[PDB]
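One structure is given below, encoded as structure tokens.
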Amino acid sequence: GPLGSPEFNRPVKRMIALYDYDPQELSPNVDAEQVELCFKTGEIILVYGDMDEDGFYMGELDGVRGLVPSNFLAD
Amino acid sequence: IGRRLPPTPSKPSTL
């Protein structure tokens with residue numbers, strides 16, 4: 001809860017992609033091509049902070065940064 | 001217009 005000392009918390013996590021994702025083929029979002037990251041099964045995404053209220057993580061992959069759908073990654 | 005997740009894949013991962 002809110003009371004007590006801060007706990008250890010990793011601001012960066014590595015997450016394995018379990019499914020291919022090309023926003024142009026699969027995203028329902030009007031701004032997908034601008035803001036979402038493309039990736040392939042087996043690639044690992046570095047994820048920064050928490051998922052947003054829509055379910056996306058801010059991720060990095062091979063020099064490119066963008067939002068990634070949490071439901072395509074291994075939790 | 002809000003953002004939402006794509007539909008979740010239903011087939012087992014090929015990984």
Side-chain angles (χ1 to χ4, degrees):
Chain A
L3 181 64
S5 57
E7 58 165 306
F8 178 53
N9 175 74
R10 303 174 166 279
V12 176
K13 297 285 286 197
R14 68 182 75 112
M15 296 196 75
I16 306 166
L18 294 178
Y19 302 92
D20 295 349
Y21 189 70
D22 185 350
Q24 288 198 53
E25 291 169 15
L26 295 182
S27 185
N29 294 313
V30 73
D31 54 3
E33 286 63 50
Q34 286 92 347
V35 307
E36 298 178 11
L37 191 58
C38 189
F39 53 86
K40 298 286 187 170
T41 301
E43 296 193 281
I44 296 180
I45 316 297
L46 287 169
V47 164
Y48 301 86
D50 316 320
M51 74 171 60
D52 64 23
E53 55 182 351
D54 302 318
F56 288 79
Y57 295 111
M58 173 61 57
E60 186 275 347
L61 170 63
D62 291 322
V64 190
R65 296 173 193 268
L67 297 174
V68 301
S70 59
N71 56 337
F72 275 62
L73 309 177
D75 65 334
Chain B
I1 305 180
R3 293 174 41 81
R4 71 181 174 94
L5 284 172
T8 305
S10 68
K11 298 190 190 182
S13 173
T14 64
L15 187 64

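By convention in this document, chain letters (A, B, ...) are assigned in the order of the sequence lines, proteins followed by strands, and residues within each chain are numbered from 1.
A/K13 pairs by the side-chain contact (heavy atoms from CB on, under 4.5 Å) definition with A/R10, not counting sequence neighbours. Listed by chain and residue number, A/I16, A/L18, A/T41, B/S13 satisfy the side-chain contact (heavy atoms from CB on, under 4.5 Å) test with B/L15 (two or more places apart in sequence, or in another chain). Residues passing the side-chain contact (heavy atoms from CB on, under 4.5 Å) test with A/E25 are A/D22, sequence neighbours excluded. For B/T14, there are no side chain to side chain donor-acceptor pair (under 3.5 Å) partners at least two apart in sequence or on another chain. In this structure, the side-chain contact (heavy atoms from CB on, under 4.5 Å) partners of A/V64, at least two apart in sequence or on a different chain, are A/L37. By the ring pair (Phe, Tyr, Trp, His ring centres under 6.0 Å) test, A/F39 is found to be paired with A/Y21, residues two or more places apart in sequence or in another chain being considered.
If you chain together ILVMFWY residues whose side-chain heavy atoms come under 4.5 Å of each other, A/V12 ends up grouped with A/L46, A/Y48.
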Throw together a table of side-chain donor-acceptor distances under 3.5 angstrom for residues 51-58 of chain A, partners on residues two or more places apart or in other chains.
unit_1: A/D52; atom_1: OD1; unit_2: A/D54; atom_2: N; d: 2.9
unit_1: A/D52; atom_1: OD1; unit_2: A/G55; atom_2: N; d: 3.0
unit_1: A/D52; atom_1: OD1; unit_2: A/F56; atom_2: N; d: 2.9

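Closest approach of A/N71 to B/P9, counting heavy atoms only: O-CD, 4.1 Å. Minimum heavy-atom separation, B/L5 to A/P28: O-CG, 3.8 Å.
To the nearest 0.5 Å, atoms CD1 (A/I45) and OG (A/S70) are separated by 13.0 Å. Rounding to the nearest 0.5 Å places OG1 of B/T8 at 7.5 Å from CZ of A/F72.
Contact of the B/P6 side chain with the A/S27 side chain is not registered, since no non-hydrogen atoms from C-beta on lie closer than 4.5 Å.
Each salt bridge (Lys or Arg N to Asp or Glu O under 4.0 Å) pair with one or both residues in residues 1-10 of chain B, not counting sequence neighbours, appears once here: A/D31-B/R3, A/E36-B/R3.
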